[PDB]
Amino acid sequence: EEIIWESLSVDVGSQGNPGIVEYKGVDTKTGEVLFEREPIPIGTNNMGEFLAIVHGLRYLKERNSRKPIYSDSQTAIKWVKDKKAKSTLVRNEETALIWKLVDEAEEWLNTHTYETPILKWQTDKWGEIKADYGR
């Protein structure tokens, strides 16, 4: 119903899907960029959306912040809830980096606690998420 402005918003950007994947997190209220992942040569949209949420969890935990995280990705929200990224991307030499990051993200979720609410950004009502790449 109402945007929770006191929050972190995350999003993926890609060149191809699968293709080059990056992600960032912004302060929902101001658009200030709070973190940005160096581009990963091959990944999927959903792997990037997942990594962005997990990085947000880690970022807020390190800072003792109870703010929620917004993502527009139904898939990634579910993967984080399950602590399992059910990607179809082939595991081979050229996808090794993205899969290492995804594996490490799951490992972190399995060994740490958090209360951060992970909320669906309602694009149809609110427009593009504030972390969007505009591409």
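The first residue of the shown sequence is 1; numbering continues from there.
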Mean temperature factor over C-alpha atoms, higher-scoring stretch between 126-134 and 3-11: 126-134
Residue stretch of maximal mean CA temperature factor, 91-99 vs 46-54: 91-99
Selection from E104, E32, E38, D72 [criterion: highest C-alpha temperature factor in the record]: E32
Chain-wide C-alpha B factor ranking for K86, given as lowest, middle or highest third: highest
Position of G25 among the chain's modelled residues by C-alpha B-factor, lowest, middle or highest third: lowest
Chain-wide C-alpha B factor ranking for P117, given as lowest, middle or highest third: lowest
